[PDB]
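There is one chain below, alone, in structure tokens, taken in the form deposited in one PDB entry.
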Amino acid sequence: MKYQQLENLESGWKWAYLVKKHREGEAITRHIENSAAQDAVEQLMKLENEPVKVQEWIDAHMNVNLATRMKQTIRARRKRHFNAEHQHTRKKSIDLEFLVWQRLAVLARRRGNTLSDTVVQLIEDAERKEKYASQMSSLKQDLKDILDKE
């Protein structure tokens, strides 16, 4: 259980979630007849500032087929809300070319590491360790001295 969830803000989250889905053409309520449907959506609107009210509206009006989706959306908001306090916990999306993504995904599977982790590997193994041509030479130089004339 990483994050503290205070209903006041979480509640406000769903309120906006609901109101938004409604504006995008979705049956927020669980009422089969349009009459009561619009009669419930109108009450949801005037619940803007009241947090205790929303949770109730959900219990007696929200479309049950929204439940899981709303939870999953609220879980994202929580994590993102907290992970936003600092930058190192913040995520950044980088949409790159297919063929490229694929070649990068393969490694993530042939190493079992995370994408964001595999990207770090390539940054180190290549940028930090660059002296394997000379090592091949010098090592023979030293061996030559002991294994031959001195």
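When you see a residue number, it is the position in the sequence shown, counting from 1. Whichever C-alpha set is largest while still superposing within 1.5 Å between the two forms counts as the rigid core.
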Of 124-132 and 7-15, the one with larger mean CA B-factor: 124-132
Mean Cα B-factor comparison, 29-37 or 107-115, giving the higher one as deposited: 107-115
Position of residue 68 among the chain's modelled residues by C-alpha B-factor, lowest, middle or highest third: lowest
Assigned third (lowest, middle, highest) for the C-alpha B factor of residue 20: lowest
Chain third (lowest, middle, highest) by recorded CA B-factor, residue given as residue 84: lowest
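The following text describes the form deposited in another entry, which does not appear among the structures shown.
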Large Cα shift (2 Å or above) at residue 129 between the shown form and the other one, core-fitted: yes
C-alpha of residue 23 off by 2 Å or more between the shown form and the other one on rigid core: no
